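Here's the structure we're looking at; comments come further down.
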Amino acid sequence: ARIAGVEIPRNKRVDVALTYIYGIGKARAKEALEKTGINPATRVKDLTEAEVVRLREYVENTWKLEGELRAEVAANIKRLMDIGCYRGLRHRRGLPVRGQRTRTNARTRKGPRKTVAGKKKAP
Amino acid sequence: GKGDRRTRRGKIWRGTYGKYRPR
Amino acid sequence: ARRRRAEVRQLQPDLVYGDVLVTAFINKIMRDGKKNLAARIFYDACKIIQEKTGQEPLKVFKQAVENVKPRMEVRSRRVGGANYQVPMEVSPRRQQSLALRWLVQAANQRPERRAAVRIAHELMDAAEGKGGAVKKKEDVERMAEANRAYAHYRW
Amino acid sequence: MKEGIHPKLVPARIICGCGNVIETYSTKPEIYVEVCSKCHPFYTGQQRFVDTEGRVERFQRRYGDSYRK
RNA sequence: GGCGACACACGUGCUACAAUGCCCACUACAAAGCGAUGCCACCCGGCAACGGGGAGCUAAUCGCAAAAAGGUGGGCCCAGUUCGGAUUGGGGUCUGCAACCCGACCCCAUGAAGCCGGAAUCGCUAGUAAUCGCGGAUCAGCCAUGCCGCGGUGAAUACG
RNA sequence: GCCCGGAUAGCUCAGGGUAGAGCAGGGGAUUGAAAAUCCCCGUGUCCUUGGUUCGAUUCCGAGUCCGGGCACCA
RNA sequence: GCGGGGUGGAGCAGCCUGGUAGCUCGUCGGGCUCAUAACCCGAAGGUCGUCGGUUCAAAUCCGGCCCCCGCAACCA
RNA sequence: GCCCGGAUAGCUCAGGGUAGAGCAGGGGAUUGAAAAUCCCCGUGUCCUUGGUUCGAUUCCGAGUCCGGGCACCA
Ligand SMILES: [K+]
Ligand SMILES: [Mg+2]
Ligand SMILES: [Mg+2]
Ligand SMILES: [Mg+2]
Ligand SMILES: [Mg+2]
Ligand SMILES: [Mg+2]
Ligand SMILES: [Mg+2]
Ligand SMILES: [Mg+2]
Ligand SMILES: [Mg+2]
Ligand SMILES: [Mg+2]
Ligand SMILES: [Mg+2]
Ligand SMILES: [Mg+2]
Ligand SMILES: [Mg+2]
Ligand SMILES: [Mg+2]
Ligand SMILES: [Mg+2]
Ligand SMILES: [Mg+2]
Ligand SMILES: [Mg+2]
Ligand SMILES: [Mg+2]
Ligand SMILES: [Mg+2]
Ligand SMILES: [Mg+2]
Ligand SMILES: [Mg+2]
Ligand SMILES: [Mg+2]
Ligand SMILES: [Mg+2]
Ligand SMILES: [Mg+2]
Ligand SMILES: [Mg+2]
Ligand SMILES: [Mg+2]
Ligand SMILES: [Mg+2]
Ligand SMILES: [Mg+2]
Ligand SMILES: [Mg+2]
Ligand SMILES: [Mg+2]
Ligand SMILES: [Mg+2]
Ligand SMILES: [Mg+2]
Ligand SMILES: [Mg+2]
Ligand SMILES: [Mg+2]
Ligand SMILES: [Mg+2]
Ligand SMILES: [Mg+2]
Ligand SMILES: [Mg+2]
Ligand SMILES: [Zn+2]
């Protein structure tokens, strides 16, 4: 487990590799490398352990990441449910939270179609 | 892609500007 | 086309090799009307067939075309209680269309990463009689030969 | 101990990113580690990292008492 | 408050599954329209949505304006990826009396399904189809990917 | 007279926490109006009695209205 | 008295030989059709009558109870 | 117990220098549907072992195992 808790992929560039960490999008990648002064274009295989620890030390202390971030995200959702606002209610039943229609679609939140019998027609 | 707001092409599609597409 | 024959389009001969058949080939490479992009590929493939196996690209291309030309094919027809698979000979116009169409089709099924390479390599194999587009052409001719029983049903 | 089946434990030095150095015994002579006891947030004081937040919310919100009196 | 519901089912579409592609920088070539509590040049603050300033135009003059695909340079190297951008956390902006139900944006983070789609089925015969961007009407704002239009690039095939 | 089985809405019948279907009747959607289909409502001391159980249409014990079977003899 | 049988809604495999529940129809969703049927593409539904036992494991092997069919009941 | 047989691809069967064909499966052409037809492709120590040969599914010694066949049973 190199950094933060994860092993970022060798043979790809640092700026891309950092993104594989939960909590680092491409934007935080560019800024971290700038702030610690490492080339964004250097393959992970080709970093001095000096570069490794410098990049490592920065990233973990600057932002909350991986598990801790997930936990903090979890506490937020948990809070909404417990109070419990309409937003919290939506998380209970696993419906969309941001005002999307549910007559159709919503498959990402609702999941696979549970097909059901319809209404029969006359003969 | 055009549905990606976090890109030039995406901001063009939505007809808006920002960091990812400046004016 | 009930009333009359369709006018066969005449295409502007390409600027580099000055060949109409090249133009038609450029068109089969063209997706979404990006002719400029498609023209590059063909010409860049021409660069590649130039350096690998040092022949004149134009002679290689033209040869590959002739080899993928199907002399015979099956064409569905009529007749009352069933629709037969009848062996018909292929018109020079249709011969040309098919080979160009297949050439691209086989080219885009090759494993190489970039387009100019795929085109060049398929053109190379096709000129030497190997290659996917050729395999289709032989397949088509086998089916035609096979259904010789229903020859008299031809028009 | 049984001959032939066990791997030799030798003097070994384990090195952390925080410059910590540990003198111990291992199958490997030298080993480099990302973290150790000496620098791990839970171990070191309470080095609360990025999260001082607790949590904050909700009525650290303030900003302000502007709605009138 | 509801018309915005959601175990489900259908239509019409949008965005994709990638290298004839994606990205960043740089550099070109349209047309038709719209515009006085309107369009807003340019300056500065903000990564930014925007905000404060602040000229010009009652407009073949001033502005919306950058057209985009393209062209040039470099990066990515076949990976559920720098493909895709749904979903969700957080922080902001603007219109508006007011964005909980139920607005559009911007930014950080998240980065789902999707590897070209069963039976079946649609459109188009030429500047057409495909693809690329632009404008308007409605309108405070806007759920427009809709509609009506405008140009850019530009095919394949018709034996019968 | 002797063993086994059904009693549940007006009809015909499903089936340990006073329960349903159809059909009949009433509405309603559909329709030009009907049929059909779809939706909604009323439907009941769940045969009598004793028992078990906090609790019985439900499990038991019988009994009852009725349904299949048993019956000189040489 | 003796033999066979009970398994998706219907009718039948699977048991003999313990480990894996299958076939046709029906039902549900979707196609074709102006529409229905036929037809074509997908999907759901059986813890095997019950209880007890053997076993690591029972639709399957052994018992017990409830059914449901069938054959027998002769000499006087 | 003795003779006569076999084993070859998922199935069915054909044969000193060889590895087959028919169907199953896969894709494609064809279509209302189901087939039919057509083109391509997949499926082996030719049971095991030990030998002959320059080498063998092939010849042979051989064991395993289903084929058959014929006799006998105190
Ligand atoms: K007698
Ligand atoms: Mg990340
Ligand atoms: Mg909604
Ligand atoms: Mg992207
Ligand atoms: Mg020791
Ligand atoms: Mg509506
Ligand atoms: Mg749409
Ligand atoms: Mg307007
Ligand atoms: Mg993924
Ligand atoms: Mg997936
Ligand atoms: Mg990605
Ligand atoms: Mg939010
Ligand atoms: Mg709102
Ligand atoms: Mg791929
Ligand atoms: Mg595609
Ligand atoms: Mg026409
Ligand atoms: Mg596109
Ligand atoms: Mg538009
Ligand atoms: Mg508007
Ligand atoms: Mg919306
Ligand atoms: Mg009426
Ligand atoms: Mg009683
Ligand atoms: Mg009495
Ligand atoms: Mg049953
Ligand atoms: Mg049955
Ligand atoms: Mg059967
Ligand atoms: Mg049996
Ligand atoms: Mg068995
Ligand atoms: Mg049906
Ligand atoms: Mg009519
Ligand atoms: Mg039908
Ligand atoms: Mg039993
Ligand atoms: Mg048992
Ligand atoms: Mg079992
Ligand atoms: Mg048992
Ligand atoms: Mg013998
Ligand atoms: Mg066989
Ligand atoms: Zn340490």
Side-chain angles (χ1 to χ4, degrees), chain A residues 12-13 15-16 19 22-28 31 41 63 65 69-70 72-77 80 85-87 91 95-110 112-123, chain B, chain C residues 1-2 5-9 11 24 26-38 40-41 74-76 82 84-85 88 90-91 93-94 97 100-101 108 113-116 118-119 138-147 149-150 155:
Chain A
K12 290 179 145 71
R13 309 153 46 110
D15 54 353
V16 200
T19 61
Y22 185 92
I24 285 82
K26 193 137 215 270
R28 281 193 180 166
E31 111 98 48
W63 307 288
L65 309 174
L69 212 184
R70 277 185 265 259
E72 210 249 287
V73 171
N76 283 314
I77 291 179
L80 295 154
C85 53
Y86 181 74
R87 195 133 74 82
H91 278 81
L95 286 187
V97 181
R98 293 170 189 215
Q100 311 83 326
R101 75 189 249 159
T102 36
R103 191 180 217 188
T104 67
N105 296 344
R107 287 303 140 201
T108 31
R109 204 107 223 280
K110 270 170 68 170
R113 322 202 177 257
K114 303 166 271 308
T115 317
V116 147
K119 158 175 184 176
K120 359 89 205 80
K121 235 286 153 175
Chain B
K2 308 179 185 159
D4 193 354
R5 292 171 185 93
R6 298 237 256 198
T7 58
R8 255 192 37 80
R9 192 117 295 270
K11 251 120 176 66
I12 291 174
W13 190 89
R14 221 164 217 87
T16 54
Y17 299 91
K19 166 186 185 164
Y20 293 107
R21 180 207 197 201
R23 46 178 185 196
Chain C
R2 298 207 177 256
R5 282 200 198 215
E7 57 180 60
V8 198
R9 289 194 179 278
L11 337 90
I26 303 266
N27 290 143
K28 291 319 235 170
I29 287 111
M30 190 185 30
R31 274 129 66 151
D32 296 335
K34 309 174 146 197
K35 181 165 271 291
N36 210 70
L37 159 64
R40 279 133 166 260
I41 306 177
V74 286
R75 229 126 61 76
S76 269
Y84 295 107
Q85 291 269 256
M88 289 289 289
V90 189
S91 82
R93 153 68 167 188
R94 184 157 158 80
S97 286
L100 303 196
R101 182 184 308 151
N108 283 325
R113 310 262 257 229
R114 57 225 87 198
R118 309 195 288 263
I119 300 272
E138 263 164 21
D139 202 334
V140 174
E141 290 182 323
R142 267 194 308 271
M143 300 219 51
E145 169 78 307
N147 292 81
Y150 305 138
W155 59 95

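Side chains included, hydrogens not; waters and symmetry mates left out as well; all remaining heavy atoms used. Residue numbers begin at 1 in each chain, while the letters A, B, ... track the order of the sequences.
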> Which of these nucleotides, E:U88, E:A156, E:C101, is closest to any side-chain atom of A:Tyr86?
Replying inline: E:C101
> Nearest to the side chain of C:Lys34, which nucleotide is it out of H:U31, E:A69, E:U72?
Replying inline: E:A69
Please confirm if [N] pairs with [M], counting Watson-Crick and G-U wobble geometry and requiring both distances below 3.5 Å.
| N | M | answer |
| --- | --- | --- |
| F:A62 | F:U48 | yes |
| E:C94 | E:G103 | yes |
| H:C66 | H:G5 | yes |
| E:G117 | E:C17 | yes |
| E:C83 | E:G114 | yes |
| E:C34 | E:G63 | yes |
| F:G10 | F:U52 | no |
| E:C6 | E:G111 | no |
| E:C102 | E:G21 | no |
| G:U27 | G:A43 | yes |

Stacking test, [M] against [N]: centre separation of the six-membered rings below 5.5 Å and plane angle below 30 degrees, yes or no?
| N | M | value |
| --- | --- | --- |
| H:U58 | H:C59 | no |
| E:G71 | E:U72 | yes |
| H:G44 | H:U45 | no |
| E:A48 | E:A49 | yes |
| H:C46 | H:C47 | no |

>> Need the glycosidic conformation of E:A79: syn if within 90° of 0, anti if not. Which one?
In response: syn
Is any side-chain N or O of [X] under 3.5 Å from a base N or O of [N], one able to act as donor and the other as acceptor?
| X | N | answer |
| --- | --- | --- |
| B:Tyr17 | E:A66 | yes |
| A:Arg107 | E:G114 | no |
| C:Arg114 | E:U20 | no |

Check every strand shown and say whether [X] touches a base, only sugar-phosphate, or nothing at a heavy-atom separation below 4.0 Å.
| X | answer |
| --- | --- |
| A:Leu95 | sugar-phosphate |
| C:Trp155 | nothing |
| A:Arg113 | sugar-phosphate |
| B:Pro22 | nothing |
| A:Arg98 | base |
| A:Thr104 | base |
| C:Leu11 | sugar-phosphate |
| C:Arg94 | nothing |

>> Reading the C1'-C2'-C3'-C4' torsion of H:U45, is its sugar north or south?
In response: south
> Can you list the residues that meet the side chain to side chain contact (heavy atoms under 4.5 Å, CB included) rule with A:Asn105, with sequence neighbours excluded?
Replying inline: none
> Using a cut-off of 4.0 Å between protein heavy atoms and nucleotide atoms, how would you tag nucleotides 27-38 of chain G 5' to 3' with B, S and -?
Replying inline: -SS---------
> Rounded to the Å, how far apart are B:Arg23 CZ and E:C50 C1'?
Replying inline: 9 Å
> How many Å lie between CZ on B:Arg14 and P on E:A68, as a whole number?
Replying inline: 19 Å
> If we only count heavy atoms from C-beta on, is the A:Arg87 to A:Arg98 side-chain gap below 4.5 Å?
Replying inline: no
